[PDB]
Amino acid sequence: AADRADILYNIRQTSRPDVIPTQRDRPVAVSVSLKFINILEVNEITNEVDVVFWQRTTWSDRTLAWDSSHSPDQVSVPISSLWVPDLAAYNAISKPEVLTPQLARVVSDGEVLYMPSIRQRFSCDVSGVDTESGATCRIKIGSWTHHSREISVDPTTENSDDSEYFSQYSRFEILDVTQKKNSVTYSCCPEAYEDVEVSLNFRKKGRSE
């Protein structure tokens, strides 16, 4: 029976923040899911939007695993003590402003969960934001330097409440949110990079009828 102090200790040794946990030669399965929390600055003229969302990220790193039959099977670890996916938002025009503590959750089986609350600005289609159908902003997130053979991002598509955690005090209301998996290759190079395309459909609230 070991305590949390040891669990972190053994992790800080078997872990490599800059080494992708590629088991055998299969890519790392990275699950990416966003939970829109608020929509703030929207400019239909420039087509830019400021969003706040919880980026639920999940992946596995066996090396971290440990016996929890008589010990804690989950601990909070600083992301800098672990390896994390170099995920990026392709159409982002500002760097992610992480608002919460940068701690990840690690389970004795190696499963890793990281869910930061992020404030970021995007360049997307904002036209129709002040119309009934609303506007649909597409966010593309995926690894930046790890192609499909190294990292495979897949959205945890599961019928959930889109505006479930959305601020009721927002000026906008969520009409719908669909998250589709996609892949991007580049004419120069053979490898392709997987990504998740999150489509955010929203409109202004209190519009005349």
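Residue indices: 1-based, along the sequence shown.
Between the stretches 198-206 and 1-9, it is 1-9 that shows the larger average CA temperature factor. Taking the PDB entry as given, 69-77 carries the higher mean Cα B factor of the two stretches 108-116 and 69-77.
Between the residues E173, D50, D154, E150, it is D154 that shows the highest Cα B-factor in the PDB record.
Listed residues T145, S31, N159, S167 were ranked by CA B-factor as deposited; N159 comes out on top. Sort the modelled residues of the chain by CA B factor and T57 lands in the lowest third. For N38, the recorded CA B-factor ranks within the lowest third of the chain. Only modelled residues enter the ranking.
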